[PDB]
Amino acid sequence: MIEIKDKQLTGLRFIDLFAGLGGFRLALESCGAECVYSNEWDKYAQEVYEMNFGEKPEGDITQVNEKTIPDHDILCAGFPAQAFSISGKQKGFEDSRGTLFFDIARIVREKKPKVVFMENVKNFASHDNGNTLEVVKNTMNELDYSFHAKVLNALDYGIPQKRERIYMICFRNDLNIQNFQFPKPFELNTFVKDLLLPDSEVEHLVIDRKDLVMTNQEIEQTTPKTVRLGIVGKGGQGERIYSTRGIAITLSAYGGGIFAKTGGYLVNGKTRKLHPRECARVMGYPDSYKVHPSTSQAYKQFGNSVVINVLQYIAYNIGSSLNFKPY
């Protein structure tokens, strides 16, 4: 994550819904905002959240009386996506895990926050031809908020990962927020190879497999893109190998394949999966953040998490706009 000196969000209070690892907190907090409430029903996730922020998130948001949610200026929420991902049964709103947005809508209706910050996968935009997004746009407009949606890729904001996500920023209409913008992209000056751990610490993750084919030669020069070198087995999800000289593929939560949730990378003639912390970094997390003890849960957590760095640039601009109140 990036260090920020102009705390645009100072004095503001925010809510951390669907917290998971707490990435949204890390972001807004770096900009001077204050976290007043957090919600996350997964046991193990609460464990890491606690492990890193003291408190322990509250349970099932679908059964929390919104009247109970603390006063707050910005509502943060990266809601479930198994329901809209390019990688699943796009059952959208029909899927139980795909209704959570409306839970948000009723948190917003009651607490009427100044800003509504949401995150989800790229597919969300076009899912169901584009009606799902539309339902969210109108629901927000009908709640009297503006709707600023755009998809950004992590590799355009200082982090080596081809992770494209849809970011939705909502300002209450009262305030005439009309100068808000999404961070402009910029040169990628860091690659997988730069975030790795010494072989001394990865040995255990190396996977030698006879069925390891090799369809592309290692690259010498770094690229702001993921480059597939080899493959194992049938070459499906988590069976693909990439050049650490480029950028990492998207991390996933319920992912499979021998290189489950991280993907295979070629390091010094060997083929292996990333380390819980190599992920942490790949996701923009400061090495000072304590990961969950259960490696599996760890990978799962960073899987649906958010790239801290990205949220920062957005969070910064949210404040920039909020703080512009001329006479």
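All residue numbers refer to positions in the sequence shown, first residue = 1.
J.: Averaging only over Cα atoms, indicate whether 120-128 or 218-226 has the higher B-factor in the PDB entry.
T.: According to the entry, 218-226 carries the higher average C-alpha B-factor.
J.: Going by the average Cα B-factor in the PDB entry, point out whether 48-56 or 297-305 comes out higher.
T.: Looking at the recorded C-alpha B-factors, 48-56 comes out higher on average.
J.: Sort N153, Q82, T139, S252 by C-alpha B-factor from the entry and give me just the highest.
T.: By C-alpha B-factor in the record, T139 ranks first.
J.: Among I86, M168, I159, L212, which residue carries the highest C-alpha B-factor recorded in the PDB entry?
T.: That would be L212, according to the entry.
J.: Going by the recorded CA B-factors, say which third of the chain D73 sits in, lowest, middle or highest.
T.: CA B-factor rank for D73: middle third.
J.: Per the entry's values, where does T99 land by CA temperature factor relative to the rest of its chain, in the lowest, middle or highest third?
T.: Answer is lowest: the recorded C-alpha B-factor places it there.
J.: Where does the C-alpha B-factor of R240 rank in its chain, lowest, middle or highest third?
T.: For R240, the deposited C-alpha B-factor lands in the lowest third.
J.: Going by what the PDB entry lists, where does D42 fall on CA B-factor within its chain: lowest, middle or highest third?
T.: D42: CA B-factor falls in the middle third of its chain.
J.: Classify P198 as lowest, middle or highest third according to the C-alpha B-factor given in the PDB entry, relative to its own chain.
T.: Highest third.
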